[PDB]
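What follows is the content of target.csv (CSV, C-alpha atoms).
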chain,number,residue,atom,x,y,z
A,1,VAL,CA,-13.4,20.4,27.7
A,2,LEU,CA,-10.0,21.1,29.3
A,3,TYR,CA,-7.3,18.8,27.9
A,4,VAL,CA,-4.3,19.0,30.1
A,5,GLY,CA,-1.2,17.7,28.4
A,6,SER,CA,-2.4,14.9,26.2
A,7,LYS,CA,-3.1,13.8,22.6
A,8,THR,CA,0.6,13.4,22.3
A,9,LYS,CA,2.4,11.1,19.8
A,10,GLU,CA,6.1,10.0,20.2
A,11,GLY,CA,7.7,7.6,17.8
A,12,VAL,CA,4.6,7.0,15.7
A,13,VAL,CA,4.1,5.8,12.1
A,14,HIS,CA,0.8,5.5,10.3
A,15,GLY,CA,-0.7,5.7,6.9
A,16,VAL,CA,2.1,3.9,4.9
A,17,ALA,CA,1.7,2.2,1.6
A,18,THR,CA,4.5,0.4,-0.2
A,19,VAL,CA,5.1,-1.8,-3.3
A,20,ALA,CA,8.4,-3.5,-4.0
A,21,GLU,CA,8.6,-5.5,-7.3
A,22,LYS,CA,12.1,-7.0,-7.5
A,23,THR,CA,13.1,-9.8,-9.9
A,24,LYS,CA,16.4,-11.0,-8.5
A,25,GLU,CA,17.9,-10.1,-5.1
A,26,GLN,CA,21.1,-11.4,-3.6
A,27,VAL,CA,23.0,-10.7,-0.4
A,28,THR,CA,26.5,-12.2,0.1
A,29,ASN,CA,28.2,-11.7,3.4
A,30,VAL,CA,31.6,-12.8,4.6
A,31,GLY,CA,32.0,-11.4,8.1
A,32,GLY,CA,30.5,-8.1,9.1
A,33,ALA,CA,26.9,-7.1,8.9
A,34,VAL,CA,24.1,-6.4,6.4
A,35,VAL,CA,20.7,-4.8,7.1
A,36,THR,CA,18.4,-4.4,4.1
A,37,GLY,CA,14.7,-3.5,4.0
A,38,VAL,CA,13.5,-1.9,7.2
A,39,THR,CA,10.1,-0.2,6.8
A,40,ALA,CA,7.4,1.2,9.0
A,41,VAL,CA,9.3,0.9,12.3
A,42,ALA,CA,8.6,3.0,15.4
A,43,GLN,CA,10.4,3.0,18.7
A,44,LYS,CA,10.6,5.0,21.9
A,45,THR,CA,13.5,4.5,24.4
A,46,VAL,CA,13.8,6.1,27.9
A,47,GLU,CA,17.2,6.3,29.6
A,48,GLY,CA,18.9,4.1,27.0
A,49,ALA,CA,20.5,4.1,23.6
A,50,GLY,CA,18.2,3.7,20.6
A,51,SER,CA,19.2,2.1,17.3
A,52,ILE,CA,16.9,1.2,14.4
A,53,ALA,CA,19.1,-0.2,11.6
A,54,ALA,CA,22.6,-0.4,12.9
A,55,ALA,CA,25.4,-2.5,11.3
A,56,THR,CA,28.9,-3.0,12.7
A,57,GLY,CA,31.6,-5.1,11.2
A,58,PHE,CA,32.9,-6.3,14.6
A,59,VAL,CA,33.3,-4.8,18.1
A,60,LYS,CA,36.6,-5.7,19.8
A,61,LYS,CA,37.3,-4.5,23.3
A,62,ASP,CA,40.6,-5.9,24.6
A,63,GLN,CA,42.4,-5.3,27.9
B,1,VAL,CA,-14.9,16.4,29.9
B,2,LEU,CA,-11.5,17.1,31.4
B,3,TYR,CA,-8.8,14.8,30.0
B,4,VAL,CA,-5.8,14.9,32.2
B,5,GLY,CA,-2.7,13.6,30.4
B,6,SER,CA,-4.0,10.8,28.2
B,7,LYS,CA,-4.7,9.7,24.7
B,8,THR,CA,-1.0,9.3,24.2
B,9,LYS,CA,0.8,7.0,21.8
B,10,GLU,CA,4.4,5.9,22.1
B,11,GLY,CA,6.0,3.5,19.7
B,12,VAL,CA,2.9,2.9,17.6
B,13,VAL,CA,2.4,1.7,14.0
B,14,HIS,CA,-0.9,1.5,12.3
B,15,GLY,CA,-2.5,1.6,8.8
B,16,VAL,CA,0.3,-0.1,6.8
B,17,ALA,CA,-0.2,-1.8,3.5
B,18,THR,CA,2.6,-3.6,1.7
B,19,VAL,CA,3.2,-5.8,-1.4
B,20,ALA,CA,6.4,-7.5,-2.2
B,21,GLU,CA,6.6,-9.5,-5.4
B,22,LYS,CA,10.1,-11.0,-5.8
B,23,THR,CA,11.1,-13.8,-8.2
B,24,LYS,CA,14.4,-15.0,-6.7
B,25,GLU,CA,15.9,-14.1,-3.4
B,26,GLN,CA,19.1,-15.5,-2.0
B,27,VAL,CA,21.1,-14.8,1.3
B,28,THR,CA,24.5,-16.3,1.7
B,29,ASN,CA,26.3,-15.8,5.1
B,30,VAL,CA,29.7,-17.0,6.2
B,31,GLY,CA,30.1,-15.6,9.7
B,32,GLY,CA,28.7,-12.2,10.7
B,33,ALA,CA,25.0,-11.2,10.5
B,34,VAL,CA,22.3,-10.5,8.0
B,35,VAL,CA,18.9,-8.9,8.8
B,36,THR,CA,16.5,-8.5,5.9
B,37,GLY,CA,12.8,-7.6,5.8
B,38,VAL,CA,11.7,-6.0,9.0
B,39,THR,CA,8.3,-4.2,8.6
B,40,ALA,CA,5.6,-2.9,10.9
B,41,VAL,CA,7.5,-3.2,14.2
B,42,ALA,CA,6.9,-1.1,17.3
B,43,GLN,CA,8.7,-1.1,20.6
B,44,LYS,CA,9.0,0.9,23.8
B,45,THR,CA,11.8,0.4,26.2
B,46,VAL,CA,12.2,1.9,29.7
B,47,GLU,CA,15.6,2.1,31.4
B,48,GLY,CA,17.3,-0.1,28.8
B,49,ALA,CA,18.9,-0.1,25.3
B,50,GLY,CA,16.5,-0.5,22.4
B,51,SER,CA,17.5,-2.1,19.0
B,52,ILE,CA,15.2,-3.0,16.2
B,53,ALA,CA,17.3,-4.4,13.3
B,54,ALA,CA,20.9,-4.5,14.6
B,55,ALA,CA,23.6,-6.7,13.0
B,56,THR,CA,27.1,-7.2,14.4
B,57,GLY,CA,29.8,-9.3,12.8
B,58,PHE,CA,31.2,-10.5,16.2
B,59,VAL,CA,31.6,-9.0,19.7
B,60,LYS,CA,34.9,-9.9,21.3
B,61,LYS,CA,35.7,-8.8,24.9
B,62,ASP,CA,39.0,-10.2,26.1
B,63,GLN,CA,40.7,-9.7,29.4
C,1,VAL,CA,-11.9,24.5,25.5
C,2,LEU,CA,-8.5,25.2,27.1
C,3,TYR,CA,-5.8,22.9,25.7
C,4,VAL,CA,-2.8,23.1,28.0
C,5,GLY,CA,0.3,21.9,26.3
C,6,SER,CA,-0.9,19.0,24.1
C,7,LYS,CA,-1.6,17.9,20.6
C,8,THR,CA,2.2,17.5,20.2
C,9,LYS,CA,4.0,15.2,17.8
C,10,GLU,CA,7.7,14.2,18.2
C,11,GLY,CA,9.4,11.7,15.9
C,12,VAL,CA,6.3,11.1,13.7
C,13,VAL,CA,5.9,9.9,10.1
C,14,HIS,CA,2.5,9.5,8.3
C,15,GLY,CA,1.1,9.7,4.9
C,16,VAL,CA,3.9,8.0,2.9
C,17,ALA,CA,3.5,6.2,-0.4
C,18,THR,CA,6.4,4.4,-2.1
C,19,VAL,CA,7.0,2.2,-5.2
C,20,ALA,CA,10.3,0.5,-5.9
C,21,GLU,CA,10.6,-1.5,-9.1
C,22,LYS,CA,14.1,-3.0,-9.3
C,23,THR,CA,15.1,-5.8,-11.7
C,24,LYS,CA,18.4,-7.0,-10.2
C,25,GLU,CA,19.9,-6.0,-6.8
C,26,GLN,CA,23.1,-7.3,-5.3
C,27,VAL,CA,24.9,-6.6,-2.1
C,28,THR,CA,28.4,-8.0,-1.5
C,29,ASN,CA,30.1,-7.5,1.8
C,30,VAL,CA,33.5,-8.6,3.1
C,31,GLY,CA,33.8,-7.2,6.6
C,32,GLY,CA,32.3,-3.9,7.5
C,33,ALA,CA,28.7,-2.9,7.3
C,34,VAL,CA,26.0,-2.2,4.7
C,35,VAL,CA,22.6,-0.7,5.4
C,36,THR,CA,20.2,-0.3,2.4
C,37,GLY,CA,16.5,0.5,2.2
C,38,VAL,CA,15.3,2.2,5.4
C,39,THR,CA,11.9,3.9,4.9
C,40,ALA,CA,9.2,5.3,7.2
C,41,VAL,CA,11.0,5.0,10.5
C,42,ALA,CA,10.3,7.1,13.5
C,43,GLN,CA,12.0,7.1,16.9
C,44,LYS,CA,12.2,9.2,20.1
C,45,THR,CA,15.1,8.7,22.6
C,46,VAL,CA,15.4,10.3,26.0
C,47,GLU,CA,18.7,10.5,27.8
C,48,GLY,CA,20.4,8.3,25.2
C,49,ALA,CA,22.1,8.3,21.8
C,50,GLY,CA,19.8,7.9,18.8
C,51,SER,CA,20.9,6.3,15.5
C,52,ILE,CA,18.6,5.3,12.6
C,53,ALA,CA,20.8,3.9,9.8
C,54,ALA,CA,24.4,3.8,11.2
C,55,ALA,CA,27.1,1.6,9.7
C,56,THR,CA,30.6,1.2,11.1
C,57,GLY,CA,33.4,-0.9,9.6
C,58,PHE,CA,34.7,-2.1,13.0
C,59,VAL,CA,35.1,-0.5,16.5
C,60,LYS,CA,38.3,-1.4,18.2
C,61,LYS,CA,39.0,-0.2,21.8
C,62,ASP,CA,42.3,-1.5,23.1
C,63,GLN,CA,44.0,-1.0,26.4
D,1,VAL,CA,10.4,-25.6,-25.6
D,2,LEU,CA,8.0,-24.1,-28.1
D,3,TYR,CA,5.1,-22.3,-26.4
D,4,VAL,CA,2.4,-21.8,-29.0
D,5,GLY,CA,0.0,-19.0,-27.9
D,6,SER,CA,-0.2,-19.5,-24.1
D,7,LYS,CA,0.7,-18.0,-20.8
D,8,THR,CA,-2.0,-15.4,-21.4
D,9,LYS,CA,-3.9,-13.5,-18.7
D,10,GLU,CA,-7.2,-11.7,-19.3
D,11,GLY,CA,-9.2,-10.0,-16.6
D,12,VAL,CA,-6.7,-10.8,-13.8
D,13,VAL,CA,-5.9,-9.2,-10.4
D,14,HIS,CA,-3.2,-10.3,-8.0
D,15,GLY,CA,-0.9,-9.0,-5.4
D,16,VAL,CA,-3.3,-6.5,-3.7
D,17,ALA,CA,-3.1,-5.2,-0.2
D,18,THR,CA,-5.6,-2.8,1.4
D,19,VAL,CA,-6.3,-1.2,4.7
D,20,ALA,CA,-9.5,0.8,5.4
D,21,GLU,CA,-9.9,2.4,8.9
D,22,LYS,CA,-13.2,4.2,9.1
D,23,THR,CA,-14.8,5.4,12.2
D,24,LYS,CA,-18.4,6.2,11.1
D,25,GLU,CA,-19.9,5.3,7.7
D,26,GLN,CA,-23.5,5.9,6.7
D,27,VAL,CA,-25.4,5.3,3.5
D,28,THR,CA,-29.0,6.7,3.1
D,29,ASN,CA,-31.0,5.8,0.0
D,30,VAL,CA,-34.5,6.8,-1.1
D,31,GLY,CA,-35.0,5.2,-4.5
D,32,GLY,CA,-32.1,4.9,-7.0
D,33,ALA,CA,-28.9,3.0,-6.4
D,34,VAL,CA,-25.7,3.1,-4.4
D,35,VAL,CA,-22.6,1.0,-4.9
D,36,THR,CA,-19.7,1.5,-2.4
D,37,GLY,CA,-16.6,-0.4,-1.9
D,38,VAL,CA,-15.7,-2.7,-4.8
D,39,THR,CA,-12.1,-4.0,-4.6
D,40,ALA,CA,-10.1,-6.8,-6.3
D,41,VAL,CA,-12.7,-7.8,-8.8
D,42,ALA,CA,-11.9,-9.5,-12.1
D,43,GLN,CA,-14.2,-10.6,-14.9
D,44,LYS,CA,-14.2,-11.8,-18.5
D,45,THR,CA,-17.3,-11.7,-20.7
D,46,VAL,CA,-17.7,-13.2,-24.2
D,47,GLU,CA,-20.5,-12.1,-26.5
D,48,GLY,CA,-22.2,-10.1,-23.7
D,49,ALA,CA,-22.2,-6.8,-21.9
D,50,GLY,CA,-19.9,-6.4,-18.9
D,51,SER,CA,-20.4,-4.2,-15.9
D,52,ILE,CA,-18.5,-4.1,-12.7
D,53,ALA,CA,-20.0,-1.4,-10.5
D,54,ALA,CA,-23.0,0.0,-12.4
D,55,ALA,CA,-25.8,2.0,-10.7
D,56,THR,CA,-29.0,3.2,-12.3
D,57,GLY,CA,-31.7,5.3,-10.7
D,58,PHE,CA,-34.5,3.5,-12.6
D,59,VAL,CA,-35.0,2.0,-16.1
D,60,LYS,CA,-38.4,2.7,-17.6
D,61,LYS,CA,-39.3,1.2,-21.0
D,62,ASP,CA,-42.9,2.0,-21.9
D,63,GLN,CA,-44.9,1.1,-25.1
E,1,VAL,CA,12.7,-21.7,-27.3
E,2,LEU,CA,10.3,-20.3,-29.9
E,3,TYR,CA,7.3,-18.4,-28.2
E,4,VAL,CA,4.6,-17.9,-30.8
E,5,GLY,CA,2.3,-15.2,-29.7
E,6,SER,CA,2.0,-15.6,-26.0
E,7,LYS,CA,2.9,-14.1,-22.6
E,8,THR,CA,0.2,-11.6,-23.3
E,9,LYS,CA,-1.8,-9.6,-20.6
E,10,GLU,CA,-5.1,-7.9,-21.3
E,11,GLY,CA,-7.1,-6.2,-18.6
E,12,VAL,CA,-4.6,-7.0,-15.8
E,13,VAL,CA,-3.9,-5.3,-12.4
E,14,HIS,CA,-1.2,-6.4,-10.0
E,15,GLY,CA,1.1,-5.0,-7.3
E,16,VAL,CA,-1.4,-2.5,-5.7
E,17,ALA,CA,-1.2,-1.2,-2.1
E,18,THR,CA,-3.7,1.2,-0.6
E,19,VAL,CA,-4.5,2.8,2.7
E,20,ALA,CA,-7.7,4.8,3.4
E,21,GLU,CA,-8.1,6.4,6.8
E,22,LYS,CA,-11.4,8.2,6.9
E,23,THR,CA,-13.1,9.4,10.1
E,24,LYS,CA,-16.6,10.2,8.9
E,25,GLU,CA,-18.2,9.2,5.5
E,26,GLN,CA,-21.7,9.9,4.4
E,27,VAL,CA,-23.6,9.2,1.2
E,28,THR,CA,-27.1,10.5,0.8
E,29,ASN,CA,-29.1,9.6,-2.3
E,30,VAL,CA,-32.6,10.6,-3.4
E,31,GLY,CA,-33.1,9.0,-6.8
E,32,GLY,CA,-30.2,8.7,-9.3
E,33,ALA,CA,-27.0,6.8,-8.7
E,34,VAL,CA,-23.8,7.0,-6.6
E,35,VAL,CA,-20.7,4.9,-7.1
E,36,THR,CA,-17.8,5.4,-4.6
E,37,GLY,CA,-14.7,3.5,-4.0
E,38,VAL,CA,-13.8,1.2,-6.9
E,39,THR,CA,-10.2,-0.1,-6.7
E,40,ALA,CA,-8.2,-2.9,-8.3
E,41,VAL,CA,-10.7,-3.9,-10.9
E,42,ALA,CA,-9.8,-5.7,-14.2
E,43,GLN,CA,-12.2,-6.7,-16.9
E,44,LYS,CA,-12.1,-8.0,-20.5
E,45,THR,CA,-15.1,-7.9,-22.8
E,46,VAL,CA,-15.5,-9.4,-26.2
E,47,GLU,CA,-18.3,-8.4,-28.6
E,48,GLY,CA,-20.0,-6.4,-25.8
E,49,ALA,CA,-20.1,-3.0,-24.1
E,50,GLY,CA,-17.8,-2.6,-21.1
E,51,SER,CA,-18.4,-0.4,-18.1
E,52,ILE,CA,-16.5,-0.3,-14.8
E,53,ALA,CA,-18.0,2.5,-12.7
E,54,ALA,CA,-21.0,3.8,-14.5
E,55,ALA,CA,-23.8,5.9,-12.9
E,56,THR,CA,-27.0,7.0,-14.6
E,57,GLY,CA,-29.8,9.0,-13.0
E,58,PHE,CA,-32.5,7.2,-14.9
E,59,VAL,CA,-33.0,5.7,-18.4
E,60,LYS,CA,-36.4,6.4,-20.0
E,61,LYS,CA,-37.2,4.9,-23.4
E,62,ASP,CA,-40.8,5.7,-24.3
E,63,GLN,CA,-42.7,4.8,-27.5
F,1,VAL,CA,15.0,-17.7,-29.0
F,2,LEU,CA,12.6,-16.4,-31.6
F,3,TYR,CA,9.6,-14.5,-30.0
F,4,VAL,CA,6.9,-14.1,-32.6
F,5,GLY,CA,4.5,-11.3,-31.6
F,6,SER,CA,4.3,-11.7,-27.8
F,7,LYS,CA,5.1,-10.2,-24.5
F,8,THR,CA,2.4,-7.7,-25.1
F,9,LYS,CA,0.4,-5.7,-22.6
F,10,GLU,CA,-3.0,-4.0,-23.2
F,11,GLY,CA,-5.0,-2.3,-20.5
F,12,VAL,CA,-2.5,-3.1,-17.7
F,13,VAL,CA,-1.9,-1.4,-14.4
F,14,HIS,CA,0.8,-2.4,-11.9
F,15,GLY,CA,3.0,-1.0,-9.2
F,16,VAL,CA,0.6,1.4,-7.6
F,17,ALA,CA,0.7,2.8,-4.1
F,18,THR,CA,-1.8,5.2,-2.6
F,19,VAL,CA,-2.7,6.8,0.7
F,20,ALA,CA,-5.9,8.7,1.3
F,21,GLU,CA,-6.3,10.3,4.8
F,22,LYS,CA,-9.6,12.2,4.8
F,23,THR,CA,-11.4,13.4,8.0
F,24,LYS,CA,-14.9,14.1,6.7
F,25,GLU,CA,-16.4,13.1,3.4
F,26,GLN,CA,-20.0,13.7,2.2
F,27,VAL,CA,-21.8,13.0,-1.0
F,28,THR,CA,-25.3,14.4,-1.5
F,29,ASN,CA,-27.3,13.4,-4.6
F,30,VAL,CA,-30.7,14.4,-5.8
F,31,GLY,CA,-31.1,12.8,-9.2
F,32,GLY,CA,-28.3,12.5,-11.6
F,33,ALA,CA,-25.0,10.6,-10.9
F,34,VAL,CA,-21.9,10.8,-8.8
F,35,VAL,CA,-18.7,8.7,-9.3
F,36,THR,CA,-15.9,9.3,-6.7
F,37,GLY,CA,-12.8,7.4,-6.1
F,38,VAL,CA,-11.8,5.0,-9.0
F,39,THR,CA,-8.2,3.8,-8.7
F,40,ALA,CA,-6.2,1.0,-10.3
F,41,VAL,CA,-8.7,-0.1,-12.9
F,42,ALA,CA,-7.8,-1.8,-16.2
F,43,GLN,CA,-10.1,-2.9,-19.0
F,44,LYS,CA,-9.9,-4.1,-22.5
F,45,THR,CA,-13.0,-4.1,-24.8
F,46,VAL,CA,-13.3,-5.6,-28.3
F,47,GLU,CA,-16.1,-4.6,-30.7
F,48,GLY,CA,-17.8,-2.6,-28.0
F,49,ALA,CA,-17.9,0.8,-26.2
F,50,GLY,CA,-15.7,1.2,-23.2
F,51,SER,CA,-16.3,3.4,-20.2
F,52,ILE,CA,-14.5,3.5,-16.9
F,53,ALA,CA,-16.0,6.3,-14.8
F,54,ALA,CA,-19.0,7.7,-16.7
F,55,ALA,CA,-21.8,9.7,-15.1
F,56,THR,CA,-25.0,10.8,-16.8
F,57,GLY,CA,-27.8,12.8,-15.3
F,58,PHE,CA,-30.5,11.0,-17.2
F,59,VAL,CA,-30.9,9.5,-20.7
F,60,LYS,CA,-34.3,10.1,-22.3
F,61,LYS,CA,-35.1,8.6,-25.7
F,62,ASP,CA,-38.7,9.4,-26.7
F,63,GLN,CA,-40.6,8.4,-29.9
In C-alpha cells, how does this file's structure come out?
Amino acid sequence: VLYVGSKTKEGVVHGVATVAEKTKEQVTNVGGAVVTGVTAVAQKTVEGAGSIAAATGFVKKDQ
Amino acid sequence: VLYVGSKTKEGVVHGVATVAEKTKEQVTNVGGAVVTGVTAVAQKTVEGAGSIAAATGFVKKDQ
Amino acid sequence: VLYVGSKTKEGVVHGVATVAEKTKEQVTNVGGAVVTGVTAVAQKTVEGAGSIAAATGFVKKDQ
Amino acid sequence: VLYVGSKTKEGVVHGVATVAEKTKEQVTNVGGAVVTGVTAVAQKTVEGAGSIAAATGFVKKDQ
Amino acid sequence: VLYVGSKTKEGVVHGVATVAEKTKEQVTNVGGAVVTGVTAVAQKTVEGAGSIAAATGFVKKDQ
Amino acid sequence: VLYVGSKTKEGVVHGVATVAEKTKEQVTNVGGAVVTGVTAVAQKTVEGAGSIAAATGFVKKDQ
C-alpha cells in the first residue's frame, strides 16, 4: 500500500441538503444583470479565468 | 497495491437533495440578462475561461 | 502504508444543511448588477482570476 | 366564497427529497423482527390501532 | 369570504430534504426488535392507539 | 373575511433539512429493543395512546 499523490479533491461539493419555501418571488430587470439562486456548484479551471455567479451591467470597450 | 496518482476528483458534485416550494414566481426582463435557479452543476475547463452563472447586460466593442 | 503527498482537499464543501423560509422576495434592477443567494459553491482556478459572487455596475474601457 | 369546513389535511406527506448513498449494508436476523428504511409514509385510521414501523420479537398469549 | 372551520392540518409533514452517506452499516438481531431509519412519516388515528417506531422484545400474556 | 376557528395546525412538521455522513454504523441486539434514527415524524391521536419512538425490553403480564 503505497499511495503516490492521489485521493485528491479539487472543486468538489457533496452532502448538501436544502429547503426553500417561498410564497411570492419577483425579479424585475431593466438592463444590467441579475443572478439569483446558485447552489451546489463546483468548477475547476486551468489556465483560464473562473467565475461562478458574476453579474455585470454592461461592458463597453471603445477605440 | 500501489496507487500512482489516481482516485482524483475535479469539479464534482454528489449527494445533493433539494426541495423548492414556491407559490408564485415572476421574472420580467427588458434588455439585459437574468439567471435564476442553477443547482448541482459541475464543470472542468482546460486552457479556457469557465463561467457557470454569468449575466451581462450587453457587451459593446466598437472600433 | 506510505502515503506520499495525497489525501488533499482544495476548494471543497461538504456537509451543508440549509432552510430558507421567505414569504415575499423582490429584486428590482435598473442597470448594474444584483447577485443574491449563492450557497455551497466550490471552485479551484490555476493561472487565472477567480470570482464567486462578483457584481459590477458597468466596466467602461475607452481609448 | 363561503368554505364550510374543508381544505383539511390529515396524515399527509408531500415535498420530500432524499438521497442515500451506502456502500455495504447487512441485516442479520435470528428470530425477532427488523424494520429498516421507512420513508414518506402517510396513514389515517378510524376506530382502529395504527402502527407505521412496529417490530415485536414474539407475541405469546397462552391459556 | 367566510371560512368556517377549515384549512386545518393534522399529522402533516412537508418540505423535507435529507442526505445520508454511510459507508458500512450492519444490524445484527438475536430475538427482540430493531427499527432503524424512519423519516417523513405522518399518521392520524381516531379512537385507537398510535405508534410510529415502536420496538418490543417480546410480549408474553399468560393465564 | 371572517375566519371562524380555522388555519389550525396540530402535529405538523415542515421545512426540515438534514445531512448524516457516517462511515461505520453497527447495531447489535440480543433480546430487547433498539430504535435509531427517527426524523421528521408527525402524528395526531384522538382517544388513544400515542408513541413515536418507544422501546421496551419485554412486557410480561402473568395471571
Review point. Neighbours of range 46-48 of chain A within 7 Å (all atoms listed in the file; same-chain residues fewer than 2 positions away dropped), as a PyMOL selection string?
Key: (chain A and resi 44+50) or (chain B and resi 45-50) or (chain C and resi 45-48)
Review point. Chain B residues within 12 Å of chain F, counting all atoms listed in the file: which ones, as an MDAnalysis selection string?
Key: chainID B and resid 15:21
Point to revise | Protein and nucleic acid residues near (-8.2, -1.6, -8.2) (cut-off 7 Å, only C-alpha atoms) as a list in words | key: residues 39 and 40 of chain D; 38, 39, 40 and 41 of chain E; 39, 40 and 41 of chain F
Review point. In Å to one decimal, how far is CA of residue 10 in chain A from CA of residue 2 in chain C?
Key: 22.2 Å
Revision key, fill the gap. CA of residue 14 in chain F sits from CA of residue 52 in chain D at a separation of 19.4 Å
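Taking CA of residue 57 in chain C and CA of residue 51 in chain A as endpoints, the distance between them is 16.4 Å.
Proximity ranking of B:7, B:62, B:53, B:13 relative to residue 37 in chain B places B:53 first, based on all atoms listed in the file.
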**Study point:** Contacts of residue 24 in chain C within 10 Å, all atoms listed in the file, excl. fewer than 3 positions in-chain, as a ChimeraX atom specification
**Key:** /A:22-26 /B:24 /C:21
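Using all atoms listed in the file, the shortest contact distance between residue 55 in chain B and any of C:33, C:27, C:42, C:4 is found at C:33.
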Take range 20-37 of chain C, model N, CA, C and O atoms, and hand the result over as a compact mmCIF listing (two decimals), in the coordinates of the input.
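Wrote part_37.txt, looks like this:
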# COMPACT_ATOMS: atom_id res chain seq x y z
N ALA C 20 8.92 0.77 -5.60
CA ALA C 20 10.30 0.50 -5.90
C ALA C 20 10.40 -0.72 -6.82
O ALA C 20 10.45 -1.86 -6.35
N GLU C 21 10.42 -0.47 -8.12
CA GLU C 21 10.60 -1.50 -9.10
C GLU C 21 12.10 -1.63 -9.40
O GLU C 21 12.72 -0.67 -9.87
N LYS C 22 12.67 -2.80 -9.12
CA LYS C 22 14.10 -3.00 -9.30
C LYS C 22 14.29 -4.41 -9.91
O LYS C 22 13.85 -5.39 -9.31
N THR C 23 14.96 -4.51 -11.06
CA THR C 23 15.10 -5.80 -11.70
C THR C 23 16.13 -6.67 -10.95
O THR C 23 15.78 -7.73 -10.43
N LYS C 24 17.38 -6.23 -10.89
CA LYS C 24 18.40 -7.00 -10.20
C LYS C 24 18.99 -6.11 -9.09
O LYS C 24 19.11 -4.90 -9.24
N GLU C 25 19.35 -6.75 -7.98
CA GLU C 25 19.90 -6.00 -6.80
C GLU C 25 20.81 -6.94 -6.07
O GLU C 25 20.40 -8.00 -5.59
N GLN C 26 22.07 -6.53 -5.97
CA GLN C 26 23.10 -7.30 -5.30
C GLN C 26 23.76 -6.51 -4.23
O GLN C 26 23.92 -5.30 -4.36
N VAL C 27 24.15 -7.19 -3.15
CA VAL C 27 24.90 -6.60 -2.10
C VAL C 27 26.01 -7.59 -1.71
O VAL C 27 25.71 -8.73 -1.33
N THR C 28 27.27 -7.19 -1.82
CA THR C 28 28.40 -8.00 -1.50
C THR C 28 29.22 -7.36 -0.42
O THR C 28 29.62 -6.21 -0.57
N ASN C 29 29.47 -8.08 0.67
CA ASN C 29 30.10 -7.50 1.80
C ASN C 29 31.21 -8.45 2.31
O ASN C 29 30.98 -9.65 2.47
N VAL C 30 32.41 -7.90 2.51
CA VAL C 30 33.50 -8.60 3.10
C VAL C 30 34.03 -7.79 4.25
O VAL C 30 34.86 -6.90 4.07
N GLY C 31 33.52 -8.06 5.44
CA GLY C 31 33.80 -7.20 6.60
C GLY C 31 33.14 -5.86 6.46
O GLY C 31 32.81 -5.43 5.36
N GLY C 32 32.95 -5.17 7.57
CA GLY C 32 32.30 -3.90 7.50
C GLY C 32 30.83 -3.91 7.66
O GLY C 32 30.31 -4.79 8.36
N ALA C 33 30.12 -2.99 7.03
CA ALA C 33 28.70 -2.90 7.30
C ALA C 33 28.02 -2.31 6.03
O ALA C 33 28.59 -1.48 5.33
N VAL C 34 26.79 -2.76 5.78
CA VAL C 34 26.00 -2.20 4.70
C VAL C 34 24.55 -2.09 5.22
O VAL C 34 24.02 -3.01 5.85
N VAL C 35 23.94 -0.93 4.99
CA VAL C 35 22.60 -0.70 5.40
C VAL C 35 21.86 -0.08 4.15
O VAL C 35 22.20 1.03 3.71
N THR C 36 20.88 -0.80 3.60
CA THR C 36 20.20 -0.30 2.40
C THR C 36 18.70 -0.47 2.58
O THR C 36 18.20 -1.54 2.92
N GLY C 37 17.98 0.62 2.34
CA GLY C 37 16.50 0.50 2.20
C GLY C 37 15.77 0.73 3.53
O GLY C 37 14.95 -0.10 3.89
